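The figures that follow rest on heavy atoms only: side chains count, while hydrogens, waters and symmetry mates do not. Quick note on labels: first sequence line is chain A, next is B, and so on, each numbered from 1.
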Amino acid sequence: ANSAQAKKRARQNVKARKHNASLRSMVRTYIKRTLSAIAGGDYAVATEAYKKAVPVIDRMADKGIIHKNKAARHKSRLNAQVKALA
Amino acid sequence: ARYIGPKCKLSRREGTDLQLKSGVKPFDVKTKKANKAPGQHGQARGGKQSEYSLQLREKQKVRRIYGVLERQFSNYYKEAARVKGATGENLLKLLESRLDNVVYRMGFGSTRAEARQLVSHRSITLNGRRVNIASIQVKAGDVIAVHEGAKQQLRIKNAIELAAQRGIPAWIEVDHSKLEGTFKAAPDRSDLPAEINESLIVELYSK
Amino acid sequence: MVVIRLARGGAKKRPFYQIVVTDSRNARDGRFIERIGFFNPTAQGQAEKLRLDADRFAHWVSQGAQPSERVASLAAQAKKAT
Amino acid sequence: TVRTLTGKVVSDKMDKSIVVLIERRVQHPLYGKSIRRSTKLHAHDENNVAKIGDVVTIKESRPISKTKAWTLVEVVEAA
RNA sequence: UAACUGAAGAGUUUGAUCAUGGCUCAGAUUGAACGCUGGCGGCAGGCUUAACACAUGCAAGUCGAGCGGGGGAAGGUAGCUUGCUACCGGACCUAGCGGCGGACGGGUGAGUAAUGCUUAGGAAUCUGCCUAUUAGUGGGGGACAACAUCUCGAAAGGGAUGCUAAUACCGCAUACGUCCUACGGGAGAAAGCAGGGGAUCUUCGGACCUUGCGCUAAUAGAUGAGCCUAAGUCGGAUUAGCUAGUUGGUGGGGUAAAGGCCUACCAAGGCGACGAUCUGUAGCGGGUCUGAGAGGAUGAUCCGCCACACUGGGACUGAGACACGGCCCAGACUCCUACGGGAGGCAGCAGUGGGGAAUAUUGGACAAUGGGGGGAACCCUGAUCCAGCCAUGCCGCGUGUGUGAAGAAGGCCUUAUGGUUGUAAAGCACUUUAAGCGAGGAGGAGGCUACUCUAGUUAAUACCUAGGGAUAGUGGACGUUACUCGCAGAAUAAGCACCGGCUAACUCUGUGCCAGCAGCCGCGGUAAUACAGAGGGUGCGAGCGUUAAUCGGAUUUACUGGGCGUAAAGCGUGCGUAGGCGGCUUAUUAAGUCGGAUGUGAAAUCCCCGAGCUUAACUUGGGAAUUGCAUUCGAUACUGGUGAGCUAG
């Protein structure tokens with residue numbers, strides 16, 4: 001059943017899967033570190049993590065790895081939780 | 001299809017002259033057996049008949065004179081029922097408006113059978129067209145003319161002689177020298193003979 | 001995209017087209033948004049050949065619909081006619 | 001022009017919610033007799049203003065929980 | 001002008017009779033099958049059973065104007081034992097990377113009794129290609145297929161190392177819009193390619209300018225999809241209790257988006273006699289058949305929605321799939337193998353086996369209408385169109401017409417003479433439909449190239465985008481097309497059922513309670529009009545009969561529209577719960593009820609008036625209709641709600 005174009009589609013699918021997985025893992029790592037700082041509870045340390053995390057989220061949202069609505073939700077909620085610290 | 005068979009058997013069975021013998025001699029002189037049915041058990045017309053029997057004989061009588069088979073007759077009756085007005089009279093108008101019957105009543109056919117063959121062989125023309133269907137219904141204002149090949153025919157000459165012997169109906173007007181005539185409108189019920197009864201047929205189909 | 005095109009109908013050997021506005025992904029003789037005229041290639045006697053509604057045509061063309069080539073030619077014919 | 005339905009409160013146990021029984025009268029499709037019909041609808045009342053026995057009016061809204069999509073408007077008749 | 005005009009009964013219980021009551025028959029219809037028979041054309045239909053298993057071929061490709069390599073045919077210059085060699089660049093082609101498509105189009109009805117469908121509404125959402133508008137497209141870098149080398153295996157396809165371009169990927173710069181914001185501020189993009197001309201002019205075949213196709217951020221439209229509420233939608237009580245994320249709230253998580261969608265805690269809720277839970281069966285609507293109507297039966301072919309793709313569980317990529325001809329895992333099955341290893345899913349069109357009473361070609365073309373790609377040329381398309389087969393249905397046509405008895409011959413009957421086949425046949429005259437042979441010949445083709453003009457680009461009458469006119473060229477599978485005109489001659493062409501009553505049409509012979517016929521009453525023991533043949537008839541007709549199935553007759557489930565003393569049928573009798581119904585007067589409300597307006601009720605189908613088909617079927621233009629649903633404004637006699645009064649219950 002397979003044809004040349006179908007096989008080509010499958011190979012491209014594999015490559016894209018690996019690339020997108022790496023970038024999305026980067027996003028999650030930064031968000032997790034920001035949450036860890038919030039748990040630590042120091043206002044300055046938490047805001048520094050927030051500043052260092054926001055650009056990566058914006059970049060991958062622009063690339064389309066995640067949706068811009070999800071990026072905005074993350075930024076809003078993280079900023080609120082950082083502000084509640086102090 | 002068509003019914004090809006003896007005509008006088010059917011005429012005697014119906015009990016009345018159907019006018020399928022061109023009338024050159026009297027029908028009585030030709031058949032010399034009227035009032036007696038053709039068969040071993042043929043009995044006089046005075047024998048009693050059932051209600052369904054009379055209802056059936058009426059339809060058979062009309063069908064035999066007008067040369068129409070059962071399927072087309074039933075379609076005609078349903079069409080008359082759909083059409084507004086008296087269904088029985090509409091049915092007779094539909095039968096009268098046939099191209100071959102109109103050719104007969106206009107006077108270029110010795111018999112309705114002969115008119116059927118003329119139409120089938122394209123010796124007749126509706127307006128300027130060489131039609132070849134006898135079931136065509138002729139609308140008001142139509143012009144039944146003869147074809148050039150049909151003209152100069154001994155059979156046609158004899159047919160117009162017989163037509164001159166006969167009386168042309170009022171609604172048709174045909175010039176025999178030009179071999180063409182025209183149709184005004186559907187002949188009225190009063191013009192149609194009173195021998196035929198249509199109510200029996202209407203009840204037959206209603207049952 | 002939204003298109004204006006001809007949907008087939010009638011009988012064999014004698015097609016009769018409805019001019020319809022539809023989404024291009026729908027089947028030729030299936031779902032449509034609006035019917036705005038007809039086209040009879042073999043009209044004879046009193047039969048009318050082309051009837052196109054210019055108001056709706058202009059409205060849909062303004063809303064971004066793309067006519068097919070045959071419908072564009074017929075629209076030109078109707079523009080010349082009227 | 002929100003759709004509005006008037007009924008009477010029948011429950012108040014839940015937090016920030018009320019249950020109202022709504023009744024309609026329609027003719028029978030085959031026999032024509034006027035017959036009673038009723039439905040129970042869950043509503044949202046943030047301040048717990050309504051209680052059991054009162055007549056209330058409710059309107060349609062976006063879902064607030066799995067079963068609640070209607071909101072209180074006014075207490076027509078206090079119990 | 002119109003859009004409806006419609007209702008029939010018969011047979012059988014008894015020595016008679018009336019009623020009750022079941023059975024049987026006359027009608028319409030079918031995706032039908034079988035039996036006998038069989039000429040033509042037009043329009044439609046054609047595996048209802050095994051969602052059984054599948055040989056073989058075909059059904060998703062296109063772009064070199066995104067990119068680097070590679071290949072063969074030609075051309076030119078210089079040298080030559082025999083027209084050739086050695087090198088050069090131009091056109092052409094494509095295995096690979098990349099873009100778009102592949103999620104449409106096509107098939108089926110297994111599952112699904114509500115996660116679905118129909119009708120009417122709503123707010124919390126995303127949306128490639130298309131249309132309109134706004135602000136841009138700056139400058140760098142690392143991979144990596146191809147390719148080269150080495151290897152495994154018979155091959156199919158695998159493994160290792162060294163290269164490499166880009167509209168493949170990633171950083172930096174900038175930000176009208178855009179996102180977060182504690183309102184102070186912070187954050188995030190993109191890619192080039194083609195052509196023309198200034199005749200400027202080369203950090204080299206360059207740099208500058210316009211145009212076009214592209215690319216990035218954003219708003220709106222359109223389209224498509226996701227989500228929510230109300231009413232409606234099959235049988236069973238010999239199925240009465242069911243539910244612990246269960247019902248609700250708070251913090252957090254998660255989604256494009258509301259939400260127990262997920263989670264920790266808190267509370268004990270939530271559903272059910274207006275049928276919860278359980279169980280059986282089933283895709284649903286527009287429609288279709290039947291019927292005077294109410295109603296009943298039904299979901300082939302046409303259209304909308306849903307679900308599914310050998311069985312089950314998953315995600316990936318992408319605007320969009322949890323994807324019929326994509327990927328992974330498990331199961332069953334099948335195939336190749338050189339035993340090291342591999343491959344597959346017709347409920348896509350043909351076709352094969354099996355099943356069954358039963359349903360067709362392993363055909364042609366992209367010419368027409370659509371779909372994918374492309375700037376175009378053009379390529380792909382079992383969608384589609386066209387052809388083949390089948391009386392399967394409907395409609396039309398033919399199988400000759402006129403003649404002519406001194407009533408021929410023959411068969412059959414007979415009260416042995418006469419009657420019936422019978423104007424029938426023979427003989428006479430005559431035309432030629434359809435088919436058969438020969439020549440012409442429309443339309444489905446709109447259009448495109450060639451010449452030359454008007455408007456726009458703005459440095460540029462160049463290039464390119466829109467309009468026009470006649471010609472020349474050009475393009476059709478069906479197609480020896482429809483259709484028209486010539487010649488021969490009645491020459492090529494009719495069967496099936498039935499004849500006691502229902503029910504139109506009766507006799508002889510052979511045979512006898514045997515053979516047999518039979519829908520019901522019935523017929524058959526030597527004078528059967530009911531059995532077999534024959535004559536004559538009757539009803540249909542390229543058809544005629546039987547079987548199977550639904551509605552009707554059936555007022556035998558009775559809403560329209562039935563019954564319970566003796567025919568079937570009042571519980572052995574009370575009391576009472578839910579429910580149904582409820583006296584008189586008055587004021588108020590406007591739920592029931594009634595009236596008006598707006599929106600909606602897709603198209604096709606039904607009916608009415610027209611048009612094109614030689615007619616009819618059929619196709620088609622408009623109207624009516626869709627008898628409903630929702631919103632809103634009005635009326636208050638009756639029913640219901642509320643307040644008050646009264647006495648005949």
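Spacing of P atoms, E:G68 relative to E:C80, comes out at 41 Å, to the nearest Å. Only the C1' atoms considered, E:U281 is 8 Å distant from E:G235, to the nearest whole Å.
Under 4.0 angstrom from either OP1 or OP2 of E:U399 there lies at least one side-chain N or O belonging to B:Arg2. Side-chain N/O atoms of A:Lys51 include none lying less than 4.0 angstrom from OP1 or OP2 on E:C180. Side-chain N/O atoms of D:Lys68 include none lying less than 4.0 angstrom from OP1 or OP2 on E:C228. In terms of phosphate contacts, A:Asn13 brings no side-chain nitrogen or oxygen within less than 4.0 Å of OP1 or OP2 of E:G326. Note on B:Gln72: a side-chain N or O is less than 4.0 Å away from OP1 or OP2 of E:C397.
Between the CD atom of C:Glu34 and the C1' atom of E:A603 there is a distance of 13 Å, given to the nearest Å. When rounded to the nearest whole Å, the span between CG of A:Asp62 and P of E:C215 equals 16 Å. As rounded to whole Å, 9 Å separates atom P of E:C607 from atom CZ of B:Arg82.
Taking every side-chain heavy atom of C:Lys12 into account, E:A387 is the closest of E:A387, E:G248, E:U401. In this structure, the nucleotide among E:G304, E:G121, E:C274 sitting nearest to the side chain of D:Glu60 is E:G121.
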Protein-nucleic acid N or O pairs under 3.5 Å, nucleotides 421-424 of chain E:
{"from": "E:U421", "atom 1": "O3'", "to": "B:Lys9", "atom 2": "NZ", "distance (Å)": "2.3"}
{"from": "E:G422", "atom 1": "OP2", "to": "B:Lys9", "atom 2": "NZ", "distance (Å)": "2.8"}
{"from": "E:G422", "atom 1": "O5'", "to": "B:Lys9", "atom 2": "NZ", "distance (Å)": "3.4"}
{"from": "E:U423", "atom 1": "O3'", "to": "B:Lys21", "atom 2": "NZ", "distance (Å)": "2.9"}
{"from": "E:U423", "atom 1": "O2'", "to": "B:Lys21", "atom 2": "NZ", "distance (Å)": "3.4"}
{"from": "E:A424", "atom 1": "OP1", "to": "B:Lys7", "atom 2": "N", "distance (Å)": "3.4"}

Contacts under 3.5 Å, N or O only, protein and nucleotides 484-494 of chain E:
{"from": "E:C485", "atom 1": "OP1", "to": "B:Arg130", "atom 2": "NH1", "distance (Å)": "3.3"}
{"from": "E:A490", "atom 1": "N6", "to": "B:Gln117", "atom 2": "NE2", "distance (Å)": "3.2"}

Between the protein and nucleotides 371-379 of chain E, are there any N/O to N/O pairs under 3.5 Å, and if so, what are the atom names and distances?
{"from": "E:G371", "atom 1": "OP1", "to": "C:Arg5", "atom 2": "NH1", "distance (Å)": "3.2"}

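A major-groove position characterises B:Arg71, whose side chain places a heavy atom under 5.0 angstrom from a major-groove base atom and none that near the minor groove.
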